[PDB]
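Presented below, as structure tokens, is a lone chain in the form deposited without the DNA.
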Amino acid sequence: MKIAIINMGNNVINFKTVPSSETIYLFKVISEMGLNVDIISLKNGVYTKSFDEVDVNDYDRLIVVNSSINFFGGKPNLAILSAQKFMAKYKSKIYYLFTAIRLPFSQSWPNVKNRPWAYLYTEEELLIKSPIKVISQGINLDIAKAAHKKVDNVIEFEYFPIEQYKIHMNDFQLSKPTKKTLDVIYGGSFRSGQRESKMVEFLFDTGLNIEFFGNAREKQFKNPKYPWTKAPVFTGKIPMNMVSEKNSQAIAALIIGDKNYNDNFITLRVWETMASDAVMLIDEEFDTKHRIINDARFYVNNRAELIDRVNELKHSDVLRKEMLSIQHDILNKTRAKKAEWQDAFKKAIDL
């Protein structure tokens, strides 16, 4: 048996981008699960084979990492077009890994037919008719189904904690004690709405030494609904395989909520922070029942709480190390259920 995993709208090569990284990590955990898998992308590479050098129907399972189908600038996007062409030729059920709420499966043909370059493609080439199974990272299938209310062939939905792929890797390692150069740190991208609101709340005008790494930029926070005066330091996007090491430079790293993610999704960030040398502080709204760690000290409601909690950590090395000890213990407990996680995944993809 052979499995093919692809990203539906982003080229895959290495850890330079988040979409590529997530695809490679899934490829790795699936492979270490004792399954034969190939990542199929635009060209052959260390981790990939090209769409044109293989036959999609030589694979028994087709797994697709979610992506946007929108064509930036109205121009063609070969990753999207090539991926869907690949998917359309497949004659068995397609397993869609739904890791981000804003990226539900959708047909690209409707977008293509109205473009000047539509004549270069056909409905037959791009229209994916095979049945699709949405594997939601969020436990709430109502939200998952609501996101796919416009797709016809999406037959089934099933929850699976996809984001644990980093902790289950064969070469996973907790971060070790690190020299502290920051009070708080957050590595990610900007997103309008609640996420933007909370980034301002917890990262702006705190009076703390805070760094915001990733491709996010200060110019993106201009919503007058969320005013601020002093912003954290933005330092640039780094490879995804160095996130925990980066988080470790700070005393604490934040988990910030967002609409439809709260009390539904556990995000990769959770494990990257928990595994780092930085104390994990969680936006209360994101996990109201303290499902991640049953210790109120790891949660903060607002800017006031965050500042107080961070100052408490800065002045008590014992509190800091105790909390790290606690989050690391909880993480190991999750890693202990590796076999269960693997069997659950296999079940998700009908194995």
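Numbers for residues come from their place in the sequence shown, where the first is 1.
One more form of this protein should be noted, the form solved in complex with the DNA, which is absent from this view; the next part is about it.
Student: Can you work out whether the DNA is within 4.5 angstroms of a heavy atom in all three of 14, 17 and 72 in the deposited bound form?
Tutor: Yes, each of 14, 17 and 72 comes within 4.5 Å of the DNA in the deposited bound form.
Student: Within a 4.5 Å heavy atom cut-off, is residue 225 in contact with the DNA in the deposited bound form?
Tutor: No, residue 225 is distant from the partner.
Student: Indicate whether residue 91 is a 4.5 Å heavy atom neighbour of the DNA in the deposited bound form.
Tutor: Residue 91: no, not in contact with the DNA in the deposited bound form.
Student: Is residue 113 a contact residue for the DNA in the deposited bound form, using a 4.5 Å heavy atom cut-off?
Tutor: Flag for residue 113 set to no.
Student: Answer with yes or no whether residue 217 is in contact with the DNA in the deposited bound form, where contact means some heavy atom within 4.5 Å.
Tutor: Judged by the heavy-atom cut-off of 4.5 Å, residue 217 is in contact with the DNA in the deposited bound form.
Student: Name the residue from 189, 241, 178, 130 that puts a heavy atom within 4.5 Å of the DNA in the deposited bound form.
Tutor: Exactly one listed residue reaches within 4.5 Å, namely 189.
Student: Just to confirm, with a 4.5 Å cut-off on non-hydrogen atoms, which of 269, 237, 168, 198 contacts the DNA in the deposited bound form?
Tutor: Partner contact (heavy atom, 4.5 Å) among the options: 237.
Student: For the chain shown here without its partner, which stretch in 203-211, 229-237, 249-257, 122-130 has non-hydrogen atoms within 4.5 angstroms of the DNA in the deposited bound form?
Tutor: It is 229-237 that comes within 4.5 Å of the partner.
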